[PDB]
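Peer 1: Got my_file.cif for you, mmCIF, C-alpha atoms and all ligand atoms:
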data_work
#
loop_
_atom_site.label_atom_id
_atom_site.label_comp_id
_atom_site.auth_asym_id
_atom_site.auth_seq_id
_atom_site.Cartn_x
_atom_site.Cartn_y
_atom_site.Cartn_z
CA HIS H 4 0.00 0.00 0.00
CA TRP H 5 1.15 3.57 -0.54
CA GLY H 6 3.03 5.46 2.14
CA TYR H 7 6.08 7.65 2.68
CA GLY H 8 8.85 5.06 2.81
CA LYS H 9 11.61 4.34 0.30
CA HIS H 10 9.66 1.50 -1.21
CA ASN H 11 6.13 2.97 -1.26
CA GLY H 12 6.67 6.75 -1.13
CA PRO H 13 5.97 9.64 -3.53
CA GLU H 14 8.21 8.34 -6.32
CA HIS H 15 6.13 5.13 -6.46
CA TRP H 16 2.61 6.51 -6.27
CA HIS H 17 2.18 7.00 -10.03
CA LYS H 18 2.09 3.21 -10.57
CA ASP H 19 -1.23 2.88 -8.71
CA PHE H 20 -2.35 6.51 -9.26
CA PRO H 21 -1.28 7.65 -12.73
CA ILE H 22 -2.76 11.11 -12.11
CA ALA H 23 0.38 11.61 -10.02
CA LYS H 24 1.94 12.86 -13.28
CA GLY H 25 -1.10 14.96 -14.18
CA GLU H 26 -1.57 18.53 -15.24
CA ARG H 27 -2.59 20.07 -11.90
CA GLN H 28 -0.76 18.22 -9.12
CA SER H 29 0.07 19.55 -5.68
CA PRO H 30 2.00 20.70 -3.78
CA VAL H 31 4.02 23.25 -5.72
CA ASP H 32 6.74 25.75 -5.03
CA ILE H 33 5.30 29.24 -4.64
CA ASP H 34 7.68 31.59 -6.41
CA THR H 35 6.73 34.83 -4.69
CA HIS H 36 8.20 37.08 -7.33
CA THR H 37 6.31 35.31 -10.16
CA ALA H 38 2.92 35.05 -8.42
CA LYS H 39 0.58 37.72 -9.75
CA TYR H 40 -1.42 40.05 -7.61
CA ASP H 41 -5.07 39.81 -8.62
CA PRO H 42 -6.92 42.90 -7.38
CA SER H 43 -10.23 41.19 -8.24
CA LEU H 44 -9.70 38.43 -5.64
CA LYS H 45 -12.13 38.95 -2.75
CA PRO H 46 -11.15 38.70 0.89
CA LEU H 47 -11.42 35.27 2.30
CA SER H 48 -14.38 34.55 4.62
CA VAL H 49 -13.56 32.00 7.30
CA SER H 50 -16.64 31.31 9.41
CA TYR H 51 -15.69 28.89 12.16
CA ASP H 52 -17.67 30.21 15.17
CA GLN H 53 -20.21 27.35 15.00
CA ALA H 54 -17.65 24.62 14.24
CA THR H 55 -18.45 21.26 15.82
CA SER H 56 -15.41 18.99 16.16
CA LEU H 57 -16.13 15.34 16.87
CA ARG H 58 -13.16 13.03 16.84
CA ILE H 59 -9.44 12.70 16.16
CA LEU H 60 -8.18 9.68 14.19
CA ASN H 61 -4.70 8.29 13.41
CA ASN H 62 -5.32 6.94 9.88
CA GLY H 63 -1.82 5.57 9.38
CA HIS H 64 -0.46 8.53 7.41
CA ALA H 65 -1.51 11.53 9.52
CA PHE H 66 -4.07 12.41 12.20
CA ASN H 67 -7.41 13.92 11.19
CA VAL H 68 -9.51 16.15 13.45
CA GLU H 69 -13.01 15.56 12.10
CA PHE H 70 -16.01 17.91 12.12
CA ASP H 71 -19.78 17.66 11.75
CA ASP H 72 -20.22 18.59 8.11
CA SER H 73 -23.94 17.68 7.94
CA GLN H 74 -24.87 21.42 8.18
CA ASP H 75 -23.19 24.77 7.35
CA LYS H 76 -21.47 25.06 10.75
CA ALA H 77 -17.92 25.92 9.71
CA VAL H 78 -17.56 27.27 6.20
CA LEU H 79 -15.09 28.88 3.87
CA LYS H 80 -16.32 31.36 1.27
CA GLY H 81 -15.02 34.27 -0.78
CA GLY H 82 -11.48 34.59 -2.02
CA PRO H 83 -11.29 32.75 -5.35
CA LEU H 84 -14.29 30.62 -4.44
CA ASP H 85 -17.81 30.59 -5.81
CA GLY H 86 -20.29 29.21 -3.30
CA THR H 87 -19.88 27.65 0.12
CA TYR H 88 -17.37 25.07 1.22
CA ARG H 89 -17.88 23.11 4.47
CA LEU H 90 -15.10 22.13 6.83
CA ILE H 91 -14.84 18.34 7.11
CA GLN H 92 -11.44 17.82 8.77
CA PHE H 93 -7.97 19.19 9.32
CA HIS H 94 -4.64 17.45 9.44
CA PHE H 95 -0.94 18.26 9.16
CA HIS H 96 2.11 17.16 7.23
CA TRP H 97 5.46 17.38 9.10
CA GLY H 98 9.09 16.51 9.11
CA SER H 99 11.64 14.50 11.07
CA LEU H 100 13.68 17.74 11.43
CA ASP H 101 12.57 21.39 11.75
CA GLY H 102 14.06 22.21 8.31
CA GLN H 103 11.54 20.10 6.40
CA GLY H 104 7.92 19.01 6.63
CA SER H 105 5.80 21.36 4.56
CA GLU H 106 4.41 20.29 1.21
CA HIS H 107 4.16 23.75 -0.41
CA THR H 108 7.38 25.70 -0.38
CA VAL H 109 7.91 29.45 -0.64
CA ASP H 110 10.85 30.43 -2.85
CA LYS H 111 12.06 26.87 -2.22
CA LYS H 112 11.90 27.35 1.57
CA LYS H 113 10.50 24.40 3.53
CA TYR H 114 8.60 24.97 6.74
CA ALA H 115 8.54 22.53 9.69
CA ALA H 116 4.95 21.50 8.97
CA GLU H 117 1.82 22.45 7.06
CA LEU H 118 -1.78 22.46 8.25
CA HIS H 119 -4.56 21.55 5.82
CA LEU H 120 -8.13 22.63 6.63
CA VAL H 121 -10.19 20.61 4.18
CA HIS H 122 -13.54 21.93 2.88
CA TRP H 123 -15.99 20.58 0.29
CA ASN H 124 -18.31 22.44 -2.08
CA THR H 125 -21.87 22.08 -0.79
CA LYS H 127 -23.29 22.08 -4.32
CA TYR H 128 -22.02 18.48 -4.56
CA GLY H 129 -23.86 17.18 -1.49
CA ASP H 130 -21.11 15.13 0.13
CA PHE H 131 -17.31 14.85 0.23
CA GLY H 132 -17.16 11.68 -1.89
CA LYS H 133 -19.00 13.41 -4.74
CA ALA H 134 -17.02 16.64 -4.32
CA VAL H 135 -13.63 14.99 -4.83
CA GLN H 136 -14.76 13.89 -8.32
CA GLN H 137 -15.22 17.55 -9.38
CA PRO H 138 -12.60 20.13 -10.52
CA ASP H 139 -14.02 22.63 -8.01
CA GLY H 140 -14.93 20.09 -5.34
CA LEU H 141 -12.60 21.06 -2.50
CA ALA H 142 -11.05 24.18 -1.05
CA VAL H 143 -8.04 23.48 1.18
CA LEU H 144 -6.72 26.23 3.41
CA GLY H 145 -3.00 25.64 3.87
CA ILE H 146 -1.10 27.19 6.75
CA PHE H 147 2.64 26.93 7.32
CA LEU H 148 4.14 26.11 10.70
CA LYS H 149 7.51 27.39 11.87
CA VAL H 150 9.18 26.46 15.12
CA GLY H 151 9.44 29.26 17.67
CA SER H 152 6.91 30.23 20.33
CA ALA H 153 4.07 27.86 21.20
CA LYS H 154 0.69 28.11 19.52
CA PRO H 155 -1.75 27.96 22.43
CA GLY H 156 -4.67 26.93 20.27
CA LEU H 157 -2.72 23.85 19.11
CA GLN H 158 -2.07 22.47 22.56
CA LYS H 159 -5.34 20.56 22.99
CA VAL H 160 -4.44 18.64 19.79
CA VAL H 161 -0.92 17.90 21.02
CA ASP H 162 -2.17 16.63 24.36
CA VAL H 163 -4.50 13.99 22.91
CA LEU H 164 -1.85 12.48 20.58
CA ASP H 165 -0.73 9.97 23.26
CA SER H 166 -4.20 8.42 23.04
CA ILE H 167 -4.01 7.85 19.25
CA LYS H 168 -0.42 6.76 18.93
CA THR H 169 -1.01 4.01 16.37
CA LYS H 170 -2.90 3.47 13.12
CA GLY H 171 -6.64 3.06 13.55
CA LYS H 172 -6.88 4.62 16.99
CA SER H 173 -9.38 7.39 17.55
CA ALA H 174 -10.51 9.53 20.45
CA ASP H 175 -13.38 11.88 21.22
CA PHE H 176 -12.38 15.40 20.30
CA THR H 177 -15.36 17.63 20.85
CA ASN H 178 -15.47 21.39 21.44
CA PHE H 179 -12.21 22.19 19.67
CA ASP H 180 -12.14 25.65 18.12
CA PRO H 181 -10.08 25.74 14.86
CA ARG H 182 -9.96 29.55 14.97
CA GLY H 183 -7.08 29.05 17.41
CA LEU H 184 -4.96 27.66 14.57
CA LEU H 185 -5.12 30.70 12.27
CA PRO H 186 -2.51 33.43 11.87
CA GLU H 187 -3.44 37.14 12.12
CA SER H 188 -3.42 37.79 8.38
CA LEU H 189 -5.61 36.06 5.80
CA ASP H 190 -3.38 37.25 2.88
CA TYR H 191 -3.04 34.24 0.55
CA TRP H 192 -1.84 32.66 -2.67
CA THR H 193 -4.24 30.55 -4.70
CA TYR H 194 -3.95 28.06 -7.57
CA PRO H 195 -5.78 24.96 -8.89
CA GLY H 196 -4.36 21.66 -7.77
CA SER H 197 -4.83 18.28 -6.21
CA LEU H 198 -4.91 16.18 -3.08
CA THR H 199 -1.34 15.64 -1.98
CA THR H 200 -1.99 12.01 -1.00
CA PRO H 201 -3.38 9.21 -3.08
CA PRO H 202 -5.80 9.19 -4.84
CA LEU H 203 -4.21 12.55 -5.86
CA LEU H 204 -7.49 13.76 -7.32
CA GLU H 205 -7.41 17.09 -9.18
CA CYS H 206 -10.26 18.61 -7.25
CA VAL H 207 -8.70 21.29 -5.02
CA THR H 208 -8.68 25.05 -5.05
CA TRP H 209 -5.60 25.71 -2.91
CA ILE H 210 -5.58 28.76 -0.68
CA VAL H 211 -2.20 29.01 1.04
CA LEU H 212 -1.81 31.71 3.72
CA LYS H 213 1.26 33.94 3.46
CA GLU H 214 1.74 34.25 7.23
CA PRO H 215 2.96 31.12 9.05
CA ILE H 216 1.94 30.27 12.59
CA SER H 217 4.64 29.55 15.15
CA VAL H 218 4.56 26.35 17.19
CA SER H 219 7.05 25.30 19.89
CA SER H 220 9.74 22.70 19.49
CA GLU H 221 7.88 20.63 22.13
CA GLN H 222 4.65 20.77 20.16
CA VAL H 223 6.19 19.49 16.92
CA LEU H 224 8.27 16.89 18.86
CA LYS H 225 4.99 15.39 20.03
CA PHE H 226 3.76 15.08 16.40
CA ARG H 227 6.94 13.05 15.75
CA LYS H 228 6.11 10.51 18.47
CA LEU H 229 3.07 9.25 16.57
CA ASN H 230 3.34 5.95 14.70
CA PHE H 231 2.47 4.99 11.11
CA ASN H 232 2.10 1.37 12.27
CA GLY H 233 -0.72 -0.34 14.13
CA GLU H 234 -0.50 -1.43 17.75
CA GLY H 235 1.58 -4.59 18.12
CA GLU H 236 3.57 -3.88 14.98
CA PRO H 237 7.17 -2.70 14.79
CA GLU H 238 7.38 0.99 15.58
CA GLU H 239 7.73 3.35 12.63
CA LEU H 240 7.67 6.97 13.70
CA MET H 241 5.17 9.09 11.82
CA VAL H 242 7.50 11.72 10.36
CA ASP H 243 8.17 13.06 6.83
CA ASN H 244 4.59 12.48 5.71
CA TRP H 245 4.87 15.14 3.00
CA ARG H 246 4.92 15.03 -0.78
CA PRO H 247 7.60 17.21 -2.42
CA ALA H 248 6.82 20.03 -4.85
CA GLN H 249 5.46 18.99 -8.25
CA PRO H 250 5.80 20.75 -11.62
CA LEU H 251 3.68 23.87 -11.97
CA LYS H 252 2.95 23.12 -15.63
CA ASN H 253 0.32 25.36 -17.16
CA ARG H 254 -0.70 27.23 -14.02
CA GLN H 255 -0.28 30.70 -12.59
CA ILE H 256 -0.30 31.28 -8.85
CA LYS H 257 -2.33 34.35 -7.87
CA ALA H 258 -1.74 36.55 -4.80
CA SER H 259 -4.43 38.39 -2.85
CA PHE H 260 -1.90 40.99 -1.72
CA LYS H 261 0.77 43.26 -3.13
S1 LIG H 301 -5.85 18.00 1.88
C1 LIG H 301 -5.40 16.34 1.64
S2 LIG H 301 -3.67 16.01 1.76
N1 LIG H 301 -6.31 15.32 1.97
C2 LIG H 301 -7.68 15.68 1.98
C3 LIG H 301 -8.52 14.65 2.63
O1 LIG H 301 -8.18 13.35 2.25
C4 LIG H 301 -6.82 13.02 2.22
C5 LIG H 301 -6.02 14.03 1.52
ZN ZN H 302 -2.92 17.36 3.45
#
Before anything else, please render the file you have as structure tokens.
Ligand SMILES: S=C(S)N1CCOCC1
Ligand SMILES: [Zn+2]
Peer 2:
Amino acid sequence: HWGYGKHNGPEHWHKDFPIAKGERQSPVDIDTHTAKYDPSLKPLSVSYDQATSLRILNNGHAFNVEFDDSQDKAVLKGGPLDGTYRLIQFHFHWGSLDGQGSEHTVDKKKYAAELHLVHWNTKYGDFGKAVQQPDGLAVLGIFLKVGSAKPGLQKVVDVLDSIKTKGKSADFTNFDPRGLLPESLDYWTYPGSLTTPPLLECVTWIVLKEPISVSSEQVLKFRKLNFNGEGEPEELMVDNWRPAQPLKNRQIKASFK
């Protein structure tokens, strides 16, 4: 099965998922000098006040914090988007070392980790239908750098001991994802894909310019998770990122000058 090891990692995925070599794959390098300011791009609208988190799951490649997406409780609108996209889950990608871990890069710079807040277009009714559409998902990407702690992240860090291994889940109600956002909502946007198999080309990427800072202790706790199931040899869950893919026939747009 696919993963992030030498024998099943990103260089292998194309054999099961040929779209890996497609025309709108993610992540990409964001060349800040070549991105074009688009004065027509609207401000982003992030409406998370009514968010209802439910559960946190180690799925063997990351951990997902899952939300009730059966009503418009936490939605993303505006920016490059037409219509309303509902938050279904967030997860991260991170490194074994602070100098790597993000999937997008900025002028080839790698951050320690990258948060993905995953939303689906409500005109398609459910997530499984949305991922089959070119405008099915909107993923809000946020870079993490190591420095001061992010207080709003700590409740996530503290439950990780209870979902160490693949397939473990825990109740995770009343978590407020607003605590994960930076001050600025300035962003870059481009059309792309899921960064894990099935690599579907269904995502409008919105990547925030401003990283959040997390502490060394917070990211160290991410690195104590396991890719393996309980009772299997321990494989630390680190370096669960796909490297930058060719931009091909795409232009990255900026919401800011
Ligand atoms: S944003 C990305 S990396 N995800 C979305 C949800 O399903 C797995 C892949
Ligand atoms: Zn992701």
Peer 1: Which protein, DNA or RNA residues have an atom within 12 Å of ligand LIG 301 (chain H), counting only C-alpha atoms and all ligand atoms, as an NGL selection string?
Peer 2: :H and (28-30 or 62-69 or 90-97 or 105-107 or 117-123 or 131-132 or 134-135 or 140-146 or 196-211 or 244-246)
Peer 1: Rank nothing, just name the residue among H:258, H:189, H:116, H:59 nearest to residue H:44, using only C-alpha atoms.
Peer 2: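 Answer, going by the shortest atom-to-atom distance: H:258.
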Peer 1: Which polymer residues have any atom within 10 Å of an atom of stretch 151-155 of chain H, counting only C-alpha atoms, with same-chain residues fewer than 5 positions away left out, as a PyMOL selection string?
Peer 2: chain H and resi 183-186+216-223
Peer 1: For the residues selected in the previous step, produce a file with C-alpha atoms as a CSV table (one decimal), in the frame of the given file.
Peer 2:
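Okay, out_3.csv is ready:
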chain,number,residue,atom,x,y,z
H,183,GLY,CA,-7.1,29.0,17.4
H,184,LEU,CA,-5.0,27.7,14.6
H,185,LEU,CA,-5.1,30.7,12.3
H,186,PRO,CA,-2.5,33.4,11.9
H,216,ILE,CA,1.9,30.3,12.6
H,217,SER,CA,4.6,29.6,15.2
H,218,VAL,CA,4.6,26.4,17.2
H,219,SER,CA,7.0,25.3,19.9
H,220,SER,CA,9.7,22.7,19.5
H,221,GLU,CA,7.9,20.6,22.1
H,222,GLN,CA,4.6,20.8,20.2
H,223,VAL,CA,6.2,19.5,16.9
Peer 1: Quick one, how far is atom CA of residue H:54 from atom CA of residue H:133?
Peer 2: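 Taking atom CA of residue H:54 as the start and atom CA of residue H:133 as the end point, the length is 22.1 Å.
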Peer 1: In Å to one decimal, how far is atom CA of residue H:37 from atom CA of residue H:81?
Peer 2: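 Result for atom CA of residue H:81 versus atom CA of residue H:37: 23.3 Å, one decimal.
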